[PDB]
Amino acid sequence: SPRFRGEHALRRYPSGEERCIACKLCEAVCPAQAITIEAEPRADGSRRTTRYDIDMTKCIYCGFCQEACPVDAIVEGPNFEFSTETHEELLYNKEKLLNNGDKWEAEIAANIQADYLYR
Amino acid sequence: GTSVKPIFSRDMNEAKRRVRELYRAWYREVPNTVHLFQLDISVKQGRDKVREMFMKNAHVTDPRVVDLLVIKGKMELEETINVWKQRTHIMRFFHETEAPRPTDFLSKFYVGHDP
Amino acid sequence: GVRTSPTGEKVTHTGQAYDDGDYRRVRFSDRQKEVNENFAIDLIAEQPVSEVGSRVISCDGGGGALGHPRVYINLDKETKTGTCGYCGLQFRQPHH
Amino acid sequence: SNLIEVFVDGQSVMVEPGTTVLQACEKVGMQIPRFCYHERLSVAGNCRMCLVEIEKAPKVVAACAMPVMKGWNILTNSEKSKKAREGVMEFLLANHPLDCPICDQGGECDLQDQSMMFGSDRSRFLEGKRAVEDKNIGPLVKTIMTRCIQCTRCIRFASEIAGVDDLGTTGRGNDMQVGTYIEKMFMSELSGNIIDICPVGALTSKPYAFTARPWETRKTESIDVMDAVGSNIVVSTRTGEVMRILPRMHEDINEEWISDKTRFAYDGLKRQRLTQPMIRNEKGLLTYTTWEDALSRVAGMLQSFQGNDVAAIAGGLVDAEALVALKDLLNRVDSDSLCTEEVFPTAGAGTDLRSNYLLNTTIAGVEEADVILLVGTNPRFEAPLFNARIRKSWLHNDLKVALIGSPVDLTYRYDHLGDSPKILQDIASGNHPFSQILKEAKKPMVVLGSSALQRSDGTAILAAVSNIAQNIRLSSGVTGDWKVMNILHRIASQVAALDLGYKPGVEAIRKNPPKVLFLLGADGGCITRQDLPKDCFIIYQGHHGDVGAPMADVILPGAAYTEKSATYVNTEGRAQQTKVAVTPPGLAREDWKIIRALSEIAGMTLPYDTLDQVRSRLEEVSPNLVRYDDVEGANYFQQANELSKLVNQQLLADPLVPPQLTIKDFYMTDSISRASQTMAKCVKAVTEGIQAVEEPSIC
Amino acid sequence: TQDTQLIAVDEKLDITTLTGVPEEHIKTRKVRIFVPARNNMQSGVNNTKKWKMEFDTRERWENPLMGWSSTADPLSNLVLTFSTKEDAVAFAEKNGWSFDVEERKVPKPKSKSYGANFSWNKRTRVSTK
Amino acid sequence: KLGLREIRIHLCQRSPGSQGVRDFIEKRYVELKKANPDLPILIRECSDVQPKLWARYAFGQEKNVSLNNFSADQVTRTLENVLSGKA
Amino acid sequence: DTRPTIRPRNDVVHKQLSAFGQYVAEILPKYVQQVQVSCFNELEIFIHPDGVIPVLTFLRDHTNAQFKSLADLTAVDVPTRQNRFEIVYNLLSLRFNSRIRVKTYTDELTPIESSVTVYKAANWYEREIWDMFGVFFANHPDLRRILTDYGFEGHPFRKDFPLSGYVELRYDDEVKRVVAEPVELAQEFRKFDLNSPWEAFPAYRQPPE
Amino acid sequence: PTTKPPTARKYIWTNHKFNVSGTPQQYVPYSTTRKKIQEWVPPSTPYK
Ligand code: SF4
Ligand code: SF4
Ligand code: SF4
Ligand code: SF4
Ligand code: FES
Ligand SMILES: [K+]
Ligand SMILES: [Zn+2]
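Chains 1I, 1W, 1R, 1G, 1Q, 1S, 1C and 1q, in that order, give the protein sequences.
In the deposited numbering, each residue's number is its place in the first sequence (first place is 1) plus 57.
In the deposited numbering, each residue's number is its place in the second sequence (first place is 1) plus 13.
For the third sequence, counting from 1, position 2 maps to 2 in the deposited numbering; every step adds exactly one.
In the deposited numbering, each residue's number is its place in the fourth sequence (first place is 1) plus 5.
In the deposited numbering, each residue's number is its place in the fifth sequence (first place is 1) plus 4.
In the deposited numbering, each residue's number is its place in the sixth sequence (first place is 1) plus 11.
In the deposited numbering, each residue's number is its place in the seventh sequence (first place is 1) plus 5.
In the deposited numbering, each residue's number is its place in the eighth sequence (first place is 1) plus 97.
What follows is the structure, encoded as structure tokens:
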């Protein structure tokens with residue numbers, strides 16, 4: 058279903074600008090403390106993260122982060138086939154999560170359009 | 014109130030009596046533990062470990078604390094006798110993997126900030 | 001744009017790259033360093049500035065409930081542009 | 006016995022007349038909601054959040070401004086009181102921006118918390134919100150002014166506490182805006198305090214921006230060492246990193262304020278840090294080495310010289326533990342040349358009597374004063390919170406202030422007597438008109454800055470000022486418990502060093518230059534390699550590479566004041582201890598532990614292996630050094646005054662000029678604030694203008 | 005007062021041998037007993053009412069893999085709450101923790117008068133409102 | 012070699028046991044300083060402290076006599092002996 | 006009911022439970038220290054630790070009580086009390102379709118009486134309380150650890166026990182077995198200070214000191 | 098997608114990639130933040 062909670066992703070506006078403005082609400086609400094965030098003013102003055110890690114082996118895939126997010130920046134995507142041969146590839150980076158967003162945005166956005174009126 | 018109720022012992026001599034009984038039981042159990050768990054240590058080593066575990070609490074003067082220590086020691090003895098503990102549990106009294114921590118001021122100063 | 005370090009390591013959008021003496025570069029050997037090549041700062045820099053004819057403009061990020069919390073931006077400074085503090089879109093009054 | 010009886014929800018309390026409704030509720034443990042009200046500011050009564058029902062009274066009253074009447078029953082939880090609060094919160098949130106995720110106030114706001122606790126949970130505002138343009142008031146306070154709720158706290162603070170009338174409101178009605186009208190910097194030593202008093206994210210810290218959320222920070226309570234006030238602070242840390250500095254309330258020292266150097270110079274704690282031991286290679290250059298190697302080098306140099314051949318200089322940021330450890334170590338080689346960079350007159354009593362070298366009236370005591378005399382000092386920049394207390398007493402107690410020195414701006418009007426030190430002799434002999442003012446005064450106070458003791462005639466200046474203080478105490482014009490004589494110190498390590506028997510100033514080392522020189526955080530540049538024989542073996546121990554580190558033969562990386570539990574004695578004499586917020590970086594170590602390790606390697610092991618043991622040693626040397634938060638009285642001013650009359654030194658004709666005449670001289674004073682880029686931005690903004698330092702505050 | 009066979013005991017309660025705490029984290033720790041300061045960012049006083057027990061902060065380093073904050077201190081997050089200072093010191097003493105306790109700092113009463121803002125001859129008069 | 016480097020006088024402002032040393036400092040300390048201008052005589056008063064005299068000699072060797080309930084004449088004798096050998 | 010959000014209050018059950026609490030306090034004055042009914046109609050009996058067996062047996066066997074089921078037996082740690090441990094008995098009466106809570110107290114060194122003779126269900130609950138809080142139960146048929154690892158030191162549910170404890174476990178290839186070491190965390194737990202500086206509930210305000 | 102194609106974005110991958118675990122294209126984590134503490138660099142000029 059469109060509500061399915063799989064692999065996480067960081068999303069952008071149509072302009073290509075990131076949605077995350079580093080409020081840290083997802084990190085505050087994360088039941089497993091799987092989200093690690095560091096932020097600072099960007100060179101253009103924007104409020105943006107410099108660290109955004111999700112320990113996917115700490116994660117319980119509850120979807121509380123995407124509920125807390127006020128800008129639909131962090132989501133749980135539809136992907137569920139991302140098993141790894143080592144423990145280290147499951148400790149996600151900001152680059153990893155942004156590449157997940159760019160990889161899956163086409164269907165992530167369709168799922169969100171399907172379910173956002175219930176949210 | 015001014016006074017308190019005992020666990021078992023109404024005095025320090027009673028606490029000592031039970032401590033001696035527990036020490037006796039542990040001392041006799043050690044060879045059977047060494048044989049049964051197939052430990053790579055000697056019976057002298059195990060009995061010295063039992064003594065050193067007893068000697069950690071030699072400073073205790075409260076008969077109720079002594080009674081609870083005896084209760085926990087008997088619990089540990091029953092885990093050892095009934096083979097509820099594994100070999101790894103028996104061998105955890107001997108911190109064979111942990112490196113020798115520093116004790117003097119200079120080495121502790123060299124390796125970090127901890128007092 | 002995504003540049004290169006003097007060691008040849010790729011520099012991320014947060015400006016991270018190990019120095020030439022950092023042993024931690026051994027983690028990328030026989031592997032790759034994962035870098036997102038879409039720098040959001042350069043992307044939002046490419047967007048035009050809207051010439052709206054009002055002192056106060058409102059921006060919710062586009063898509064209504066799918067954008068960001070709706071905010072109001074003052075456009076009285078004639079040297080600066082009023083930009084949204086959520087999505088970076090810029091606004092300015094017509095031709096001053 | 007003139008207390009009246011009022012009721013707070015039926016419970017009776019006895020209050021002094023003039024107590025407001027808010028205070029009467031405060032003494033039963035009930036905190037009335039408020040935005041504009043601050044207990045340390047004047048009453049404004051504009052936010053209307055404190056409205057409360059008086060039983061039998063049809064109209065609600067502003068609890069913050071309304072004095073209680075006899076027999077009044079305050080209904081703090083009646084439906085009328087709740088509806089007043091809900092309406093006021095609705096009006097406050099009508100035009101408030103939806104900035105909580107992007108606003109640094111989120112999680113510790115007040116608007117958020119009182120919306121949750123006292124306002125409704127939903128909106129019925131169906132219109133477009135207000136938006137005002139941002140104001141730039143310097144590189145320290147980011148003003149996102151469309152978040153402002155017009156509580157006037159910043160304006161009241163700036164006008165009363167800081168003494169600068171730059172903040173204000175322009176326009177009226179819904180488009181009334183808080184600012185400076187013109188484009189003008191809000192430069193003041195106390196400027197950063199309008200961030201904390203601001204209930205919302207309208208005024209925020211630029212250095213702290215976007216960097217942390219309130220809930221994730223760990224709060225370590227410690228003491229400021231950027232001056233000798235000893236302001237109580239909270240150090241916010243997160244994941245092993247110092248995040249910001251906040252004021253911590255102490256009614257007797259700093260109230261709830263800190264100076265801008267205290268607030269923002271923590272930027273320097275991340276730059277130019279000494280992290281590893283260093284020695285000189287065969288090419289003469291400093292290179293990293295192990296602790297054992299460097300310590301063995303120093304110990305080899307230690308046990309080859311003795312007496313006057315080994316000396317030590319203590320810098321301005323050094324704890325008492327390190328001071329006593331270094332003194333013990335140097336005494337082991339029979340060395341008594343343990344000096345400080347800051348000179349205090351050693352003639353007469355010198356350091357023997359503790360009352361000779363501290364603020365005897367205490368920081369809280371200037372409120373009780375009738376008249377204060379300031380000599381050769383700029384308390385505004387030397388000790389900003391002491392000057393804030395002086396202005397507080399100038400404002401409420403109608404304190405009269407006179408000054409000898411440069412006509413420096415002090416944020417309050419005072420009477421300028423002159424700048425030549427000859428006036429002190431003029432007052433002491435009773436010829437000057439101000440001598441009568443001091444004589445006809447119940448609680449006079451004479452404050453001599455430690456900055457004026459750095460002169461070559463500082464001994465004569467101290468003698469003349471003591472002659473002034475004694476001349477008004479030999480007549481029955483002041484009680485015995487009141488202390489008139491005070492020394493205002495500007496160096497955080499100075500009073501502890503004097504207490505422990507350090508020699509004030511580095512004249513002993515100039516008299517007998519050492520072959521071994523311990524530079525214990527000494528970055529003043531008083532002693533350079535040209536004042537030392539040819540091959541002096543200079544040790545530097547500290548946390549920053551600023552001045553002393555370049556010239557040293559060995560470098561011992563020490564801990565900064567946020568990285569150790571350390572005793573610091575303030576200008577009035579009370580010992581206070583910091584606590585570690587983070588550990589020292591790299592291989593840096595606690596300073597007394599470095600000295601103890603060096604002593605053991607040298608074969609002269611100091612008799613303490615622990616912080617409690619070094620603190621008991623401190624107790625053995627001077628027992629007041631472990632009486633934390635207690636100000637111990639020091640007596641025998643008359644002994645010091647009759648000892649001071651034998652030195653018969655003269656006064657120079659040189660005018661008394663403070664080292665800091667304007668704000669640009671305030672920011673950059675020690676090694677931490679010289680490594681601070683925020684202090685550099687402050688200096689740049691002060692010296693050039695508002696367009697010099699630029700930063701896009703666009704989110 | 006009751007039939008419990010009241011046995012005489014010393015008034016130095018010591019439960020350190022029963023807590024299971026490793027010996028390093030008893031003698032070498034130093035707890036702080038204090039009422040937390042009011043967060044100067046807010047004007048709410050509801051967090052300055054109870055006494056706190058916090059341990060001395062130890063070393064936090066950076067994780068080589070992710071740059072996370074690592075620790076080897078089991079008591080880095082342990083924070084106990086107490087109603088009075090006496091309860092906190094009794095708890096610290098029976099647990100064998102060396103402690104320093106500081107006196108609670110409360111705001112001193114202050115004389116607030118709105119009518120002072122318009123004084124006829126005092127400096128308390130405000131130039132703006 | 013083991014000459015006297017400094018003396019520390021610890022006392023209390025109000026405690027009756029430090030009253031003799033308080034009197035000594037009031038009436039005799041200035042003469043002691045005029046006779047010993049280069050000797051550090053560090054007088055440190057602290058509340059509820061038992062009166063104590065410290066004498067630091069060469070190479071960090073210190074010894075403390077106790078001055079509790081001393082008369083000013085006794086503190087004068089105790090300082091005379093410390094400052095002149097006998098002790 | 007024009008209040009669709011507020012939980013409805015049932016005063017009949019409140020009165021019934023109040024009357025039964027008065028009844029229980031009157032029948033056993035020797036052990037009942039306090040009885041109270043919550044705003045959500047839950048009745049608690051506060052007793053001296055000596056009265057555990059008498060009060061529990063009365064509630065089980067009295068024809069007007071018939072609390073035949075021991076729903077739960079747990080402990081609560083409150084360090085600021087000299088008797089830090091609060092022992093909680095939750096009992097259910099099928100005959101009267103009612104529930105009751107019985108609470109007493111103890112410290113680290115005073116044994117609570119085992120109630121296995123009253124309820125056979127108490128056998129594992131008392132073992133669990135001993136395991137996680139360290140409370141001794143005198144005359145327990147078999148008192149020992151139930152939840153924690155063999156040889157585990159400490160009582161984890163005490164408020165002063167650290168969340169991750171003191172030891173970790175890993176397999177060591179040199180000694181060819183699982184070993185225990187002092188705990189190190191690659192990422193330490195991040196302590197959050199969440200409490201608001203403003204009072205939420207005035208009705209629960211404690212009087213000032 | 099033939100009947101309802103996804104919305105075109107310029108940042109969406111134009112080439113889908115499968116699970117590259119166990120390949121030299123696998124993801125390896127690293128810290129994305131810059132160094133916190135700057136050390137003091139000694140002068141290159143000797144004092145003597
Ligand atoms: S899904 Fe849940 S556990 Fe996973 S990161 Fe989001 S909030 Fe944390
Ligand atoms: S992902 Fe969303 S909730 Fe998390 S910090 Fe960014 S904006 Fe806030
Ligand atoms: S000040 Fe900031 S956190 Fe507070 S209500 Fe306004 S936007 Fe939200
Ligand atoms: S800027 Fe802040 S302190 Fe000043 S009036 Fe506005 S809300 Fe109040
Ligand atoms: S608090 Fe009384 S009106 Fe603002
Ligand atoms: K603010
Ligand atoms: Zn926008």
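Yeah, the Cβ is synthetic: ideal placement off N, Cα and C, and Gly gets one too.
Less than 8 Å between CB atoms is the rule here; does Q28 (chain 1G) satisfy it with respect to chain 1C? no
From which residue to which residue does the alpha helix (DSSP H) around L75 (chain 1R) run? Unbroken run through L75 (chain 1R): none, as it is neither H nor E.
Using a threshold of 8 Å, state whether the C-beta atoms of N402 (chain 1G) and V452 (chain 1G) are closer than that. no
Mind pulling the beta strand (DSSP E) runs of 3 or more residues that sit fully within the segment 14-64 of chain 1C? 37-42 and 48-52
Is DSSP giving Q430 (chain 1G) helix, strand or coil here? helix
Quick test of the definition: if touching needs 3 or more C-beta pairs under 8 Å, does the segment 112-126 of chain 1W touch the segment 5-19 of chain 1R? no
When DSSP labels each residue in this structure, what does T4 (chain 1R) get in the three-state scheme? strand
Using 8 Å as the limit for Cβ to Cβ distance, is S128 (chain 1q) near chain 1Q? yes
Near-chain 1S residues of the segment 329-342 of chain 1G - C-beta to any C-beta below 7 Å: Within the segment 329-342 of chain 1G, the residues whose Cβ lies closer than 7 Å to some Cβ of chain 1S are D333, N336, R337, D339 and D341, listed in chain order.
Let me know the secondary structure DSSP gives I160 (chain 1G) once reduced to three states. helix
Take every Cβ of the segment 644-664 of chain 1G, pair it with every Cβ of the segment 423-436 of chain 1G, and state whether three or more of those distances are shorter than 8 Å. yes
Between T216 (chain 1G) and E97 (chain 1I), is the Cβ-Cβ spacing less than 8 Å? yes
Tell me whether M609 (chain 1G) is buried or exposed, calling it buried when 16 or more other Cβ atoms sit within 10 Å of its Cβ. buried
If the criterion is Cβ atoms closer than 8 Å, does the pair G553 (chain 1G) and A457 (chain 1G) meet it? no
Taking CB distances under 8 Å as the criterion, tell me whether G50 (chain 1G) reaches chain 1Q. yes
is_contact[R77 (chain 1W), chain 1C] using C-beta, thresh 8 Å: yes
Below 8 Å between beta carbons is the criterion; list the residues of the segment 637-657 of chain 1G that meet it against any residue of chain 1S, in chain order. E637, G638, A639, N640, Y641, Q644, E647, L648 and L651
Among residues of its own chain, excluding the 5 on either side of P589 (chain 1G), which ones have a beta-carbon nearer than 6 Å to its beta-carbon? So the qualifying residues of the chain are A564 and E568.
For residue 4 (chain 1C) and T7 (chain 1C), what's the separation of their Cα atoms in angstroms? Because chain 1C spans 6 through 214 in this model, residue 4 (chain 1C) falls outside it and cannot be assessed.
With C344 (chain 1G) as the anchor, note down where its beta strand (DSSP E) starts and where it stops. Looking at the DSSP string, the run of the beta strand (DSSP E) that includes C344 (chain 1G) is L343 to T345.
Below 7 Å between beta carbons is the criterion; list the residues of the segment 72-93 of chain 1I that meet it against any residue of chain 1G, in chain order. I78, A79, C80, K81, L82 and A85
For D127 (chain 1W), the three-state DSSP class (helix, strand or coil): Under the three-state reduction of DSSP, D127 (chain 1W) is assigned to coil, being neither helix nor strand.
Please classify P38 (chain 1G) as buried or exposed, where buried requires at least 16 other C-beta atoms within 10 Å of its C-beta. buried
Check whether the segment 539-553 of chain 1G and the segment 589-599 of chain 1G are in contact - that is, three or more C-beta pairs closer than 8 Å. Pairwise C-beta distances place the segment 539-553 of chain 1G in contact with the segment 589-599 of chain 1G, as three or more of them are shorter than 8 Å.
Status (buried if at least 16 other CB within 10 Å, exposed otherwise) for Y186 (chain 1G): With fewer than 16 other Cβ atoms within 10 Å, it is exposed.
Mind pulling the chain 1C residues with CB within less than 7 Å of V240 (chain 1G)? Neighbours of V240 (chain 1G) on chain 1C: none; closest Cβ ~14 Å, over 7 Å.
Opening and closing residue of the alpha helix (DSSP H) in which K98 (chain 1Q) lies: Segment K89 to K98, the alpha helix (DSSP H) holding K98 (chain 1Q).
For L69 (chain 1Q), return the contacting residues in chain 1I, with the cut-off set at a CB-CB distance below 9 Å. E145 and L148
When the cut-off is 8 Å and only beta carbons count, does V71 (chain 1R) lie next to chain 1G? yes
Cross-strand partners of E66 (chain 1Q) (DSSP beta bridge): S73 (chain 1Q)
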